[PDB]
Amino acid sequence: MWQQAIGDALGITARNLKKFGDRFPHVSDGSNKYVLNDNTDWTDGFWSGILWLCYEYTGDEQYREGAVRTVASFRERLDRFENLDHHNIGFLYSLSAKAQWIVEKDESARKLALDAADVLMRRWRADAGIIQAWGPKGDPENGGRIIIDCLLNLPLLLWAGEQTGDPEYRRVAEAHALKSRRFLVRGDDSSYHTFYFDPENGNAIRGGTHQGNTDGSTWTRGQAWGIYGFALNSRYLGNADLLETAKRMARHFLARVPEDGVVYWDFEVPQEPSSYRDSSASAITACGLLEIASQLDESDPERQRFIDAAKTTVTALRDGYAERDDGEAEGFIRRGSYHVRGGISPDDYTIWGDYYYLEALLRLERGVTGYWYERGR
């Protein structure tokens, strides 16, 4: 059912850890090999997250040892503040530092994650009323810009608050999430990728993207970040509207799933085989669907509908996109897309797609929920 699928991921990760050594996988680029970086992108945490996931599934120290080393790398990355002037602090540290604390209660890890939360919390522009996504403070173009991806960076702040009792975190967390819900989600339940606000007064300027097909289109990964993001924020904040928004976006997504069960990179481009896909968006949604259901009561007949939608998605990814552990392939699922608009890895492995695909599996097979919040929140 789910064991075989997890088995391939397990074997692939085992080979990868040895081959990658201390480096981090990002995306493939025209082949079955991952392009590695020295912990300098926004995705390094997904590697740490996959290693932690494999460790919890097998108990095999080879995975933990690898994950532990990535934690040391993140400590050094924070120390020399390298490529951290971004909102992705959550993506980077929730699945690495925070994960280790969620996994084994490592105090050193905990503090590393809290330290990361601090630097991120400062990304909040009291005026704009939002956590600046990309660029430096007051950038001449991105000072007041929010990307839907940012919702996944909030759990690190929400977690820090509960661990520090400091109300700062939660306040800024909810402010950004409500702000996103109001300006990133559209009236037909679709969503904008990013939204711009005046840095000075904070007024709403417009919604748009440089990644989705058009400013008014629906980039599937963006819709996915919203589905999982809003659901995650609904858990921490006990916010029913955020949960409703998650459900709305989920139904919008599901109604546009193609015949083979995996989505194209954008809902507004030609929905046919010649268009590029984004298996990572389907993977993210599977997790998001399960997160949503977990917040619903059994009497709610929609709960099982989302659980089944999730199962169907994962099975679809497995059957038509998953790689077998053939001793060479380095990715879990094929046909993810980084930047179709730009021709950058438009049909490749994406480390985030792999992580969510694996998180969905461990959630479905073991009930493991990733590292966005303390197990059992």
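Numbers follow the displayed sequence, beginning with 1.
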If you take the mean CA temperature factor per stretch, which one wins between 88 to 96 and 183 to 191?
88 to 96
Averaged over C-alpha atoms, is the B-factor higher for 260 to 268 or for 110 to 118 in this PDB entry?
110 to 118
Comparing C-alpha B-factors across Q163, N153, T245, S217 in this entry, the winner is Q163
From the entry's CA B-factor values, the highest among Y276, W225, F253, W159 is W159
Third of chain Cα B-factors occupied by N142:
highest
Within this chain, which third does the Cα B-factor at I12 fall in: lowest, middle or highest?
lowest
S31 by Cα B-factor - lowest, middle or highest third of the modelled chain
middle
Taking only the Cα B-factors deposited for this chain, tell me whether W372 sits in the lowest, middle or highest third.
lowest
Rank-wise, by C-alpha B-factor, drop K19 into the lowest, middle or highest third of its chain.
lowest
